[PDB]
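Here is the file structure-v5.txt (compact mmCIF, C-alpha atoms (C1' of nucleotides)).
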```txt
# COMPACT_ATOMS: atom_id res chain seq x y z
CA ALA H 246 -50.68 20.86 -25.35
CA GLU H 247 -48.45 19.18 -22.77
CA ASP H 248 -46.82 22.55 -22.06
CA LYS H 249 -50.20 24.07 -21.21
CA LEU H 250 -51.06 21.01 -19.12
CA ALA H 251 -47.78 21.38 -17.22
CA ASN H 252 -48.73 24.87 -16.01
CA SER H 253 -50.17 25.11 -12.51
CA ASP H 254 -53.09 27.41 -13.37
CA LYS H 255 -56.44 25.63 -13.42
CA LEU H 256 -57.76 24.49 -16.80
CA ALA H 257 -61.14 22.99 -17.62
CA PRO H 258 -61.15 19.17 -17.33
CA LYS H 259 -62.42 18.54 -20.87
CA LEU H 260 -59.82 20.92 -22.30
CA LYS H 261 -57.10 19.18 -20.29
CA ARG H 262 -58.21 15.79 -21.64
CA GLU H 263 -58.20 17.21 -25.17
CA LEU H 264 -54.65 18.49 -24.64
CA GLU H 265 -53.60 15.08 -23.32
CA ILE H 266 -55.18 13.41 -26.37
CA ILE H 267 -53.32 15.75 -28.73
CA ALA H 268 -50.08 15.02 -26.88
CA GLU H 269 -50.79 11.29 -27.17
CA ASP H 270 -51.33 11.65 -30.92
CA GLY H 271 -48.03 13.51 -31.09
CA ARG H 272 -46.41 10.62 -29.25
CA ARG H 273 -47.88 8.14 -31.74
CA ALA H 274 -46.54 10.20 -34.63
CA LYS H 275 -43.17 10.30 -32.89
CA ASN H 276 -43.00 6.51 -32.82
CA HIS H 277 -44.14 6.51 -36.45
CA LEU H 278 -41.13 8.68 -37.30
CA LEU H 279 -38.75 6.47 -35.32
CA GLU H 280 -39.96 3.29 -36.99
CA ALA H 281 -39.65 5.01 -40.37
CA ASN H 282 -36.06 6.05 -39.60
CA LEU H 283 -35.15 2.63 -38.19
CA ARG H 284 -33.97 1.77 -41.70
CA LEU H 285 -31.67 4.81 -41.95
CA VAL H 286 -30.19 4.13 -38.53
CA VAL H 287 -29.46 0.49 -39.32
CA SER H 288 -27.81 1.65 -42.55
CA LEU H 289 -25.60 4.04 -40.60
CA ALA H 290 -24.86 1.18 -38.18
CA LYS H 291 -23.63 -0.81 -41.18
CA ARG H 292 -21.45 2.17 -42.01
CA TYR H 293 -19.48 1.60 -38.76
CA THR H 294 -19.76 -2.17 -38.31
CA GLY H 295 -16.71 -4.37 -37.87
CA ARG H 296 -14.77 -2.23 -35.36
CA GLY H 297 -15.04 -4.31 -32.20
CA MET H 298 -18.69 -3.44 -31.48
CA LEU H 299 -21.50 -5.87 -32.27
CA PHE H 300 -23.69 -4.77 -35.15
CA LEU H 301 -26.95 -4.82 -33.20
CA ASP H 302 -25.30 -2.86 -30.39
CA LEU H 303 -24.22 -0.21 -32.90
CA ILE H 304 -27.77 -0.20 -34.26
CA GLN H 305 -29.15 0.39 -30.77
CA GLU H 306 -26.68 3.20 -30.02
CA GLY H 307 -27.53 4.86 -33.32
CA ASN H 308 -31.18 4.51 -32.35
CA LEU H 309 -30.38 6.44 -29.17
CA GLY H 310 -28.87 9.12 -31.38
CA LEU H 311 -32.03 8.98 -33.49
CA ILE H 312 -34.36 9.63 -30.56
CA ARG H 313 -32.10 12.54 -29.65
CA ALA H 314 -32.28 13.89 -33.21
CA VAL H 315 -36.08 13.69 -33.42
CA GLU H 316 -36.20 15.37 -30.02
CA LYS H 317 -34.19 18.18 -31.70
CA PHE H 318 -35.87 18.26 -35.15
CA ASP H 319 -38.67 20.41 -36.56
CA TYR H 320 -39.89 21.71 -39.91
CA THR H 321 -38.40 25.17 -39.26
CA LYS H 322 -35.40 23.82 -41.17
CA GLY H 323 -36.15 23.77 -44.88
CA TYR H 324 -34.67 20.29 -45.27
CA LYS H 325 -35.69 16.66 -45.06
CA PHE H 326 -35.36 14.86 -41.74
CA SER H 327 -32.97 12.37 -43.33
CA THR H 328 -30.23 14.97 -43.88
CA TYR H 329 -30.53 16.39 -40.36
CA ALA H 330 -30.71 13.04 -38.56
CA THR H 331 -27.56 11.45 -39.98
CA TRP H 332 -25.33 13.91 -38.12
CA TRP H 333 -26.79 12.91 -34.76
CA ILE H 334 -26.79 9.23 -35.73
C1' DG R 1 -55.63 -39.84 -32.00
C1' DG R 2 -52.40 -42.56 -29.96
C1' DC R 3 -49.01 -45.33 -32.44
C1' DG R 4 -45.36 -45.17 -35.46
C1' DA R 5 -41.47 -44.54 -37.88
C1' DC R 6 -38.68 -41.24 -38.91
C1' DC R 7 -36.93 -37.35 -38.51
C1' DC R 8 -34.59 -34.33 -36.52
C1' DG R 9 -32.06 -31.89 -33.30
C1' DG R 10 -29.13 -32.13 -29.96
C1' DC R 11 -26.12 -33.62 -27.48
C1' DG R 12 -21.92 -36.31 -25.66
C1' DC R 13 -17.49 -38.36 -25.80
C1' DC R 14 -13.52 -38.99 -28.66
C1' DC R 15 -5.54 -43.00 -24.34
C1' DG R 16 -1.31 -40.47 -21.28
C1' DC R 17 2.30 -37.09 -20.38
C1' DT R 18 6.36 -34.36 -21.43
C1' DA R 19 8.54 -31.40 -25.12
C1' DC R 20 7.94 -28.51 -29.44
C1' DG R 21 7.56 -23.45 -34.67
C1' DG R 22 6.28 -18.42 -35.20
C1' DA R 23 3.51 -14.65 -34.90
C1' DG R 24 -0.03 -9.55 -33.41
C1' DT R 25 -4.49 -6.88 -38.32
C1' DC R 26 -8.66 -1.61 -43.48
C1' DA R 27 -13.44 3.36 -43.23
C1' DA R 28 -15.26 12.29 -38.76
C1' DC R 29 -14.97 16.54 -36.80
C1' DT R 30 -14.47 20.64 -33.88
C1' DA R 31 -15.91 23.76 -30.42
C1' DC R 32 -16.47 24.65 -25.65
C1' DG R 33 -16.17 24.27 -20.69
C1' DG R 34 -14.78 22.57 -16.66
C1' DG R 35 -11.91 20.36 -13.47
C1' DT R 36 -7.87 18.54 -12.09
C1' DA R 37 -3.16 18.17 -12.03
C1' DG R 38 1.08 19.87 -11.93
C1' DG R 39 4.44 23.70 -11.03
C1' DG R 40 6.83 26.80 -7.70
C1' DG R 41 6.36 29.82 -3.30
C1' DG R 42 6.35 30.21 0.95
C1' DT R 43 5.70 28.46 5.94
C1' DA R 44 4.99 25.78 10.49
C1' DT R 45 6.73 21.66 12.41
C1' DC R 46 9.76 17.84 13.37
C1' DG R 47 14.83 15.91 13.73
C1' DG R 48 19.71 15.96 14.09
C1' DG R 49 24.28 18.25 16.36
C1' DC R 50 26.82 20.79 20.24
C1' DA R 51 27.41 22.96 25.22
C1' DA R 52 26.25 22.77 30.38
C1' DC R 53 25.19 19.53 34.31
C1' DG R 54 24.94 14.59 36.62
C1' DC R 55 26.83 10.03 37.70
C1' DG R 56 30.24 5.55 38.68
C1' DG R 57 34.19 3.05 38.85
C1' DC R 58 37.86 3.46 40.65
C1' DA R 59 41.22 5.85 42.31
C1' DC R 60 43.83 8.58 45.06
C1' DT R 61 43.82 10.90 49.56
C1' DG R 62 47.17 8.12 52.24
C1' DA R 63 45.56 9.26 56.70
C1' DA R 64 44.64 6.58 60.19
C1' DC R 65 44.64 3.09 61.96
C1' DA R 66 45.14 -2.24 62.58
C1' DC R 67 48.06 -7.17 61.77
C1' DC R 68 51.57 -9.82 62.24
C1' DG R 69 56.31 -9.60 63.06
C1' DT R 70 60.50 -8.34 64.75
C1' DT R 71 65.22 -7.62 68.20
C1' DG R 72 64.05 -3.90 71.76
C1' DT R 73 64.29 -4.78 77.14
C1' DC R 74 65.09 -6.77 81.02
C1' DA R 75 64.80 -8.16 86.67
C1' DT R 76 65.64 -12.17 87.32
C1' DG R 77 67.11 -17.15 87.03
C1' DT R 78 71.69 -21.52 86.23
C1' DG R 79 76.82 -22.41 86.64
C1' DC R 80 81.47 -21.70 88.36
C1' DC R 81 84.71 -19.83 92.01
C1' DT R 82 85.84 -18.34 96.65
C1' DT R 83 85.27 -18.75 101.55
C1' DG R 84 82.63 -20.65 105.69
```
Would you mind writing the structure in this file as structure tokens?
Amino acid sequence: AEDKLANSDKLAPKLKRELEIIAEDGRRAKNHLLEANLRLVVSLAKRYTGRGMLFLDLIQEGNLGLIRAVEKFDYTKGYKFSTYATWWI
DNA sequence: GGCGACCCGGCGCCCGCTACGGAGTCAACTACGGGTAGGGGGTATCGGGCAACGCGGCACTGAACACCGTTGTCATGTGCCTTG
């Protein structure tokens, strides 16, 4: 939807708003996924705590890795998101 | 419903200096791609060492004059002897 909106060719206004709405719903689902995986990322932050970096800082950096991973994740892989994410985390 | 205790946090300090011990720390991986950094190779540019000239002090050139200084020199003046 956002790809089609990004193109310069003219689209109908109602169709453009529908595409924007679908992209917004995708954004909402993205944040749903991130909040779901917050627990995994804090677990992996535990896994590297106590090495001179504050635990919440490690959590935040892992969260950066998490947003990267979701930005690079899709169902085309026949695996759960948990297995794929942990590498990027 | 402001007083009221009380409660609680929250804070704030807690004589002076010397002099007086040591120390030192548990949890991935690899692939790429660039960029720099070093290496030697070679090259234009700057710096240090010798030959030709110029001075400069003095030095010789004494040669040619000068400065006293000396014994050359002397035509011309005292002293004794002979004659008016």
Could you list, with a cut-off of 12 Å and counting all atoms listed in the file, the residues of chain R near chain H, each shown with its nearest atom pair and the distance in Å rounded to one decimal, rows sorted by chain and ascending number, as a Markdown table?
```
| residue | atom | partner | partner_atom | distance |
| --- | --- | --- | --- | --- |
| R:25 | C1' | H:296 | CA | 11.7 |
| R:26 | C1' | H:296 | CA | 10.2 |
| R:27 | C1' | H:293 | CA | 7.7 |
| R:28 | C1' | H:332 | CA | 10.2 |
| R:29 | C1' | H:332 | CA | 10.8 |
```
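Computed from the coordinates, the atom CA of residue 258 of chain H to atom CA of residue 246 of chain H distance equals 13.3 Å.
Each of H:330, H:272, H:262, H:252 was compared to residue 313 of chain H using all atoms listed in the file, and H:330 turns out to be the nearest.
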Q: Could you tell me how far atom CA of residue 273 of chain H lies from atom CA of residue 287 of chain H, in Å and to one decimal?
A: 21.3 Å
(Q) Around (-26.7, 0.8, -40.8), as given in the file, which residues come within 10 Å? Count all atoms listed in the file and list them as an MDAnalysis selection string. (A) chainID H and resid 283:294 300:301 303:304 307 334
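Interatomic distance, atom CA of residue 312 of chain H to atom CA of residue 253 of chain H: 28.6 Å.
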Q.
Please list as a count of residues only every residue within 10 Å of segment 321-328 of chain H, counting only C-alpha atoms (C1' of nucleotides) and excluding residues in the same chain fewer than 5 positions away.
A. 7
Is it possible to produce a file of segment 259-278 of chain H from this structure, with N, CA and C atoms, as a tab-separated table (two decimals), in the first residue's frame?
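So the final result, stored in part-v6.tsv, reads:
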```
chain	number	residue	atom	x	y	z
H	259	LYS	N	-9.65	8.49	-2.70
H	259	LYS	CA	-10.19	7.49	-1.78
H	259	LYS	C	-9.31	6.25	-1.74
H	260	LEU	N	-8.81	5.82	-2.89
H	260	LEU	CA	-7.91	4.67	-2.92
H	260	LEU	C	-6.62	4.98	-2.16
H	261	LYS	N	-6.10	6.20	-2.31
H	261	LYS	CA	-4.89	6.57	-1.58
H	261	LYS	C	-5.13	6.56	-0.08
H	262	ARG	N	-6.29	7.06	0.37
H	262	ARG	CA	-6.60	7.02	1.79
H	262	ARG	C	-6.75	5.58	2.28
H	263	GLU	N	-7.35	4.71	1.46
H	263	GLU	CA	-7.45	3.31	1.84
H	263	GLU	C	-6.07	2.68	1.98
H	264	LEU	N	-5.17	2.99	1.05
H	264	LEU	CA	-3.80	2.47	1.14
H	264	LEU	C	-3.11	2.98	2.40
H	265	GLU	N	-3.31	4.27	2.72
H	265	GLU	CA	-2.72	4.82	3.93
H	265	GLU	C	-3.29	4.14	5.17
H	266	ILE	N	-4.59	3.84	5.16
H	266	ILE	CA	-5.21	3.16	6.29
H	266	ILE	C	-4.63	1.76	6.45
H	267	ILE	N	-4.45	1.05	5.34
H	267	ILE	CA	-3.89	-0.30	5.42
H	267	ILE	C	-2.45	-0.24	5.93
H	268	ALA	N	-1.69	0.75	5.48
H	268	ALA	CA	-0.33	0.92	5.99
H	268	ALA	C	-0.33	1.24	7.48
H	269	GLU	N	-1.29	2.05	7.92
H	269	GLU	CA	-1.41	2.36	9.34
H	269	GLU	C	-1.72	1.11	10.15
H	270	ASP	N	-2.62	0.27	9.65
H	270	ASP	CA	-2.92	-0.99	10.33
H	270	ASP	C	-1.69	-1.88	10.38
H	271	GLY	N	-0.92	-1.91	9.29
H	271	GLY	CA	0.34	-2.63	9.32
H	271	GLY	C	1.28	-2.08	10.38
H	272	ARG	N	1.33	-0.76	10.52
H	272	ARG	CA	2.16	-0.17	11.56
H	272	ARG	C	1.71	-0.61	12.94
H	273	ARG	N	0.40	-0.59	13.18
H	273	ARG	CA	-0.14	-1.02	14.47
H	273	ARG	C	0.25	-2.47	14.75
H	274	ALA	N	0.13	-3.33	13.75
H	274	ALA	CA	0.52	-4.72	13.94
H	274	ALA	C	2.01	-4.85	14.17
H	275	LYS	N	2.80	-3.97	13.55
H	275	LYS	CA	4.23	-3.97	13.82
H	275	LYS	C	4.48	-3.73	15.30
H	276	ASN	N	3.87	-2.67	15.85
H	276	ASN	CA	4.10	-2.38	17.27
H	276	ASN	C	3.56	-3.50	18.15
H	277	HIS	N	2.47	-4.15	17.72
H	277	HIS	CA	2.00	-5.34	18.42
H	277	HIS	C	3.10	-6.40	18.49
H	278	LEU	N	3.76	-6.65	17.36
H	278	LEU	CA	4.83	-7.64	17.34
H	278	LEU	C	5.98	-7.22	18.24
```
